[PDB]
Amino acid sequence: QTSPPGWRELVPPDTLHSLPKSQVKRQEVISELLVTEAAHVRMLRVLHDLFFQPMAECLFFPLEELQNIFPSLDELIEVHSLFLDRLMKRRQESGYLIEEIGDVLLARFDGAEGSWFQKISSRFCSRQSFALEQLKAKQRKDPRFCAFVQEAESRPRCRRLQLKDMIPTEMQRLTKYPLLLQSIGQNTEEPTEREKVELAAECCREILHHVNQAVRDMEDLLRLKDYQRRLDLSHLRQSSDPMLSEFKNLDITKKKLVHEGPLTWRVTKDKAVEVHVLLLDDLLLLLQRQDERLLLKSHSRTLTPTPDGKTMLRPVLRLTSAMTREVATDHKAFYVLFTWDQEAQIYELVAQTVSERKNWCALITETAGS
């Protein structure tokens, strides 16, 4: 009733049957734009009003964490909400059919206004996994919270909407914009009006592009905070080994994550160690899962346990000096050779397939020599 009527529902029948096919298609897609945006704002309003802002009062989450689950949603609303008021104005101004939409599209998606929409949008969409993982966990562990969400969901304003389905929506909408603008354009007739829209259609294409990378950017930055938190550096601390003096004091959250994978580390003929490996921008970490913790151990290359003397293999490795080779003896495995001023030692890693060693080798060579 309140959600705006479409177009195809109020256009008078004599107007409809008199227009070019291109033009009814154009009118329809404008209407879809207008309606879906009006549906989008409404939704974001529900998320703020029924979920975010009550949780902030009930403190299920430290506000820091909360604000990180609904990143400046307060402003996401405004950005979308005002863009709609503009759409709504044009429809208002022009009854029957709307010619000219381009200038609205640019007022939201261009230059400065374009950047601001991007920035707010980026904030929200990028923490999407986190918000989901965090919400799902709490709701599955704290029954006060689940009662909270169900009560929230039973509300009249929350009809047709679900908490778990609302969060990814913003990502999806950015995916629709370039589909809809492109479409309006293909069917715009009047020369100069169309060129606007095509370029509105380009801003969105860039925005989607940007925000998609922004996402792999968080999905990765957090993935490291999470290894930083799980890390145990007590072996590196208690080491007199000089190749490990820099790492005492080790903070991988600032660095770039290039690649990661489970591999098997053959430290001897007779000793293999399951490891989770991080190829950072300049380091190669050999992490051993031990319970909830991630562990950095030097291992002896002397297959006798354990009189001693020789230098041990090391879990953290500077890439500067690296070289990779196929392990002849076992097609699935590979050597990484390091060379420092004192010595040269080699590290044997086994992978799950011929195709996945090839991948590590190329990455290590590509990352190292860079």
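Just count from 1 along the sequence shown to find any residue number.
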Avg C-alpha B-factor, entry values, 146-154 vs 94-102, higher side is 94-102
Using the B-factors recorded in the PDB entry, average over the C-alpha atoms of 279-287 and of 110-118, then report which stretch comes out higher. 110-118
Among the candidates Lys196, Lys176, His299, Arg160, give the one with the maximum CA B-factor reported in the record. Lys196
Looking at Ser31, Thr304, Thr311, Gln345, which has the biggest Cα B factor in the entry? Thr304
Divide the modelled residues of the chain into thirds by Cα B-factor and specify which third, lowest, middle or highest, holds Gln172. lowest
Among the modelled residues of its chain, does the C-alpha B-factor of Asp251 lie in the lowest, middle or highest third? middle
Classify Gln27 as lowest, middle or highest third according to the C-alpha B-factor given in the PDB entry, relative to its own chain. lowest
Where does the C-alpha B-factor of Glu37 rank in its chain, lowest, middle or highest third? lowest
Among modelled residues of the same chain, the CA temperature factor third for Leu132: lowest
